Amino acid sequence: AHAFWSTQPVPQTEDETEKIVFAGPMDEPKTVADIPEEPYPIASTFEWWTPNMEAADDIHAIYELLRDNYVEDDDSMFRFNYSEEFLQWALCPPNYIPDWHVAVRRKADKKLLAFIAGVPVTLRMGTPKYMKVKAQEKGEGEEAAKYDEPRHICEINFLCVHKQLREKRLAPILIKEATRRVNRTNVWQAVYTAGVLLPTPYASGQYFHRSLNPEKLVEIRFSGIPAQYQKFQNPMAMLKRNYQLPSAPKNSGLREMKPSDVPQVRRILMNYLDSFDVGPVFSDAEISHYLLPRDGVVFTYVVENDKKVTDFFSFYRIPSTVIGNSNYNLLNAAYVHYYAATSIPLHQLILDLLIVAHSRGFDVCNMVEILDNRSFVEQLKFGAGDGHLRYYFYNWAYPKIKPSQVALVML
């Protein structure tokens, strides 16, 4: 039972979301005028802060909080170490609302103690296709199509409470205050993801990993050596040999994206994302922001043939701190970002992703089984990991769907 989430406009059980048929809001309809103008009360020792994301030193304070207190694996072996440049890129997309970046500071020292961020996203989130089918069958097509237009909502990420402050009910307060700031801007839904089960996910996808540096991965215990490797003479040379990759990409006419590619990439991406039930809609400016190369952050390649961009792929970097091994500071992980293929098989496109990631020193390539990520798992030698990313809506009834019907990539 959930003293906080039970008070919120989300489905409360698997049993409620396995019943839902149509997309739509949960709450009573409200107005900005209904929403308190004063920030939510907190204890007298703390204060609310809006970081300025163009201030290197505010970014840095958030960076440090996340470095020491953000997402750990279950065995406390790894913790994310999102870089400052990554934080600026993720928190400041085009038309971001600074007010949606919410932090609790200690009044005395101004030590940052908690954070949560919302950025705007235009998301298609109407009734899924299979349910629209049933609706037609039933004469209920208009109810099913009512919320088909892409909606300008809020994407939540980087919720983090300082280690010393955990289990003190501060996360609910951060969430209420973020909710308030967003509703004050006339946005009523949010989308978020988590590694944990909360009430209640509309989708759930398993993690997959592709070793680029297996020796390092085994040393830090990201990876195991399978038993079958023991009935070999030299376990580690076999492993290295098995995951080896070309040093140079195989698709002729692969190069990094440039600003002039923006409209074609937008067009091929939007055509592809259109086939999923849940997915974002991006403008030219959002295609430039989210996909143009920035060093250490996001890496994006196109296939151009005959002055036409026919294929692209992208990945982004999140290094993780290796907590208990002292020979290594970091796991250097590449995360599959958006892509589209029209001219070659997806596995052929994504092999070049692995090749590039490896040649630029990444240790592993990670992804969740959304988009068409399942289609290249076996041929590219990805193995399932033990985590799941669950996808959630705030104030939005949504039927259960498969993760291969989700086209939103979380940072």
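The first residue of the shown sequence is 1; numbering continues from there. Here, rigid core means the biggest group of C-alpha atoms that superpose within 1.5 Å across both forms.
- When the other structures are laid on the shown form by the core, the C-alphas of 66 to 74 and 342 to 350 differ in how far they drift in 9 other deposited structures of this protein; the larger average drift belongs to 66 to 74.
- Comparing 205 to 213 with 301 to 309 in 9 other deposited structures of this protein, after superposition on the rigid core, the stretch with the greater RMS C-alpha deviation is 301 to 309.
- With 353 to 361 and 367 to 375 compared on mean CA B-factor from the PDB entry, the stretch scoring higher is 353 to 361.
- Averaged over their C-alpha atoms, the temperature factors of 6 to 14 and 390 to 398 are higher for 6 to 14.
- Reading the B-factor column for the CA atoms of 210, 79, 181, 138 in the entry, the top value corresponds to 138.
- Going by the entry's values, 167 shows the largest Cα B-factor out of 155, 256, 167, 277.
- When all modelled residues of the chain are sorted by CA temperature factor, residue 241 is found within the highest third.
- Looking at the C-alpha B-factors along this chain, the one for residue 235 belongs to the highest third.
- Ranked by C-alpha B-factor against the other modelled residues of its chain, residue 288 falls in the lowest third.
- Among the modelled residues of its chain, residue 72 has a C-alpha B-factor that falls in the middle third, as given in the PDB entry.
- Per the PDB record, residue ranking by Cα B-factor puts residue 144 in the highest third of the chain.
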